[PDB]
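Below, in structure tokens: the form deposited in one PDB entry, a single chain.
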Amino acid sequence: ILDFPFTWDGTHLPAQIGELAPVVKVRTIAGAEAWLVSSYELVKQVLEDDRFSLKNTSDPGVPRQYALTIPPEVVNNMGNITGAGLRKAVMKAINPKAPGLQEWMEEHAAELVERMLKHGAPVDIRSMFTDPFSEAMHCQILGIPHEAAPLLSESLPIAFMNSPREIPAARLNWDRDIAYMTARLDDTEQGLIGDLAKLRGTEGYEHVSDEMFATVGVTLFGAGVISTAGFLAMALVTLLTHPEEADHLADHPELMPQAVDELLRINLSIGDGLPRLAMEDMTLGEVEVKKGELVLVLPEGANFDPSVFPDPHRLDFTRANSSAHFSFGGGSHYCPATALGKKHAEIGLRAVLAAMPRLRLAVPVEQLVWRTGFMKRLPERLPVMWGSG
């Protein structure tokens, strides 16, 4: 019996990945059977076929990867936002081209980096950079006060838990976070919450409750902040384990857009599978998947498939097909925020590398503490030091 996940240690690809058949039976954190899918070919096939349903992964009594920390219907969040007529408002808010946002992200990154320079080495670049940068950007696009980020952010280490059991803290924090966004609809003039407040009580939006409106602010803050802060921390882990490549990118800032594609391809921040329930009997490679069975898509399996990414462990900023990675998923549930995610990372990484020469890990790499029982692989602290000039 093979247990999934394999390890919370994000310093390199788990040894198990190179040994997997493209489709393997595993036992999940919740005790269920699942088909783990790890070849580039079959990851593509699952993500691009809607008979492998994300929505149905929260149906009553279905095999689970781990306990829900949200209402079951919120697994279909993007579908619900569309059905409620709120897709236009959401796509506008997550567009990095929104007026002033690029200049705001550049000034905020510059400001956080200057605070790290005034503090001096060593610093925890997660709590002084990746977290505050990701949090404040999400307050900015939601339209809410930046001083709300600490309190909403406090929910995140529990909200994205991968637990064998129901987490009582998840419901307490959800209700608190929903109440907070509900209050913001009454006093917010700008960004997404401002937009939603203008739609509320107008023709065509009679079917949208206050709770449904609030659920858009809570879910986009949570999914955006955990994925952006999670990626940027683990992009810094990649660069800190390849300091010659990190030095090269600091001297060639014109590489940054290509660099972010290769950092996404090589990233180890995904600590679980992308879940899909088989809505009918289906052949997947050499495996017969029965209706009702859970399928776990492993993006790191596809992204380190040597038949698509030759020498997959090599960090090659100029890899021609970097952007063919599955770190934003694929098919119908493809991440709607790729433009923002890529731009946020480019600005954040440029600010760090321009100002912190010869950036290095300030502790032995095997002295990092890895978060366990969590959707993302993440070091609890990321202490860094840097040269002078």
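The first residue of the sequence shown is number 1, and the count goes up from there. We call the rigid core whatever largest set of C-alpha positions still superposes within 1.5 Å between the two forms.
*Asks:* Please compare 213 to 221 with 288 to 296 and say which has the higher mean C-alpha temperature factor in the record.
*Replies:* Per the PDB entry, the higher value belongs to 288 to 296.
*Asks:* Would you mind comparing 357 to 365 and 24 to 32 for me and telling me which has the higher average C-alpha temperature factor in the entry?
*Replies:* Per the deposited B-factors, the answer is 24 to 32.
*Asks:* For the listed residues 320, 352, 340, 335, which one has the largest C-alpha B-factor as given in the deposited model?
*Replies:* 320 has the highest C-alpha B-factor of those listed.
*Asks:* Specify which of 262, 124, 135, 73 carries the largest Cα B factor in the deposited PDB entry.
*Replies:* Comparing C-alpha B-factors across 262, 124, 135, 73, the top value belongs to 73.
*Asks:* Going by what the PDB entry lists, where does residue 245 fall on CA B-factor within its chain: lowest, middle or highest third?
*Replies:* Highest third of the chain for residue 245's C-alpha B-factor.
*Asks:* Determine, from the deposited record, the chain-internal third of the Cα B-factor for residue 329: lowest, middle or highest.
*Replies:* Tercile = lowest for this residue's CA B-factor.
*Asks:* Lowest, middle or highest third: which one holds residue 389 when the chain's residues are ordered by CA B-factor from the entry?
*Replies:* Residue 389: CA B-factor falls in the highest third of its chain.
*Asks:* Please place residue 196 in the lowest, middle or highest third of its chain by C-alpha B factor as given in the entry.
*Replies:* Middle third by C-alpha B-factor.
*Asks:* Give the position of residue 205 by CA B-factor within its chain, expressed as the lowest, middle or highest third.
*Replies:* It falls in the top third of the chain.
Keep in mind that the form deposited in another entry is missing from the display, and what follows is about it.
*Asks:* Which residue, chosen from 223, 78, 282, 212, moves its CA by 2 Å or more between this form and the one not shown under a rigid core superposition?
*Replies:* One residue passes the 2 Å cut-off, namely 78.
*Asks:* Thinking of the 3 angstroms or more shift, are the C-alphas of residue 78 and residue 41 brought closer or pushed farther apart in the other entry than in this view?
*Replies:* It is farther: the C-alpha separation of residue 78 and residue 41 rises by at least 3 Å in the other entry.
*Asks:* Comparing against this form, do residue 168 and residue 73 have their CA atoms pulled together or pushed apart in the other entry? The difference is 3 Å or more.
*Replies:* Relative to this form, closer in the other entry.
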